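Notes for the one structure printed next.
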Ligand SMILES: [Cd+2]
Ligand SMILES: [Cd+2]
Ligand SMILES: [Cd+2]
Ligand SMILES: [Cd+2]
Ligand SMILES: [Cd+2]
Ligand SMILES: [Cd+2]
Ligand SMILES: [Cd+2]
Ligand SMILES: [Cd+2]
Ligand SMILES: [Cd+2]
């Protein structure tokens, strides 16, 4: 009965939905290539763009994202740290939304 070794293509029915139901719980394998459940944290493919297009087309995530492309700029300057996190501006602000400067 087990002619196919379940390890990669052992996906679930929920993975063949439209929209895919795995957005609310994956029951497939880590060998899946479905864009619907191929996200991490919860980002659009727009956020995976280069350059990122969240602040160009539509930002889905929050300032919690380590992506300095769609996050809010910090108030620090070249050599002047404000929040005290250790950044000197948006360029070096790889922090979360915990910055009071946001
Ligand atoms: Cd899927
Ligand atoms: Cd899935
Ligand atoms: Cd799958
Ligand atoms: Cd993101
Ligand atoms: Cd982004
Ligand atoms: Cd974004
Ligand atoms: Cd700051
Ligand atoms: Cd700072
Ligand atoms: Cd920061």
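In the authors' numbering, the protein residues as written are 1 to 102.
Don't be surprised by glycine CBs; every beta carbon is placed ideally from N, CA and C.
**Asked** Skipping 5 residues on each side, what residues in its chain have a beta carbon closer than 8 angstroms to that of residue 113?
**Response** Outside the displayed span of the chain (1 to 102) sits residue 113, for which this structure offers no information.
**Message:** Can you list, in chain order, the residues of its chain with a C-beta nearer than 7 angstroms to that of residue 94? Leave out the 5 residues immediately preceding and following it.
**Reply:** The sequence position of residue 94 within the chain shown is 94, counting from 1. Cβ neighbours of residue 94 beyond the five flanking positions: 66 and 68.
**Whole-number beta carbon distance between residue 81 and residue 72, since they are thought to touch under 8 angstroms** = Here residue 72 refers to the residue found at position 72 when the chain shown is read from its first residue. Here residue 81 refers to the residue found at position 81 when the chain shown is read from its first residue. Their Cβ separation, rounded to whole angstroms, is 17 angstroms, which puts residue 72 and residue 81 out of contact at 8 angstroms.
**Request:** Kindly identify the DSSP beta-bridge partner or partners of residue 77.
**Result:** Position 77 of the chain shown, counting from 1, holds the residue named residue 77. Answer is 80, bridged to residue 77.
**Request:** Measure how close the beta-carbons of residue 102 and residue 63 come, nearest whole angstrom, since I'm counting them as under 8 angstroms.
**Result:** As a first step, residue 102 is located in the chain shown; it is residue number 102 there, counting from the start. As a first step, residue 63 is located in the chain shown; it is residue number 63 there, counting from the start. At roughly 6 angstroms, the Cβ-Cβ gap stays under 8 angstroms, so residue 102 and residue 63 are in contact.
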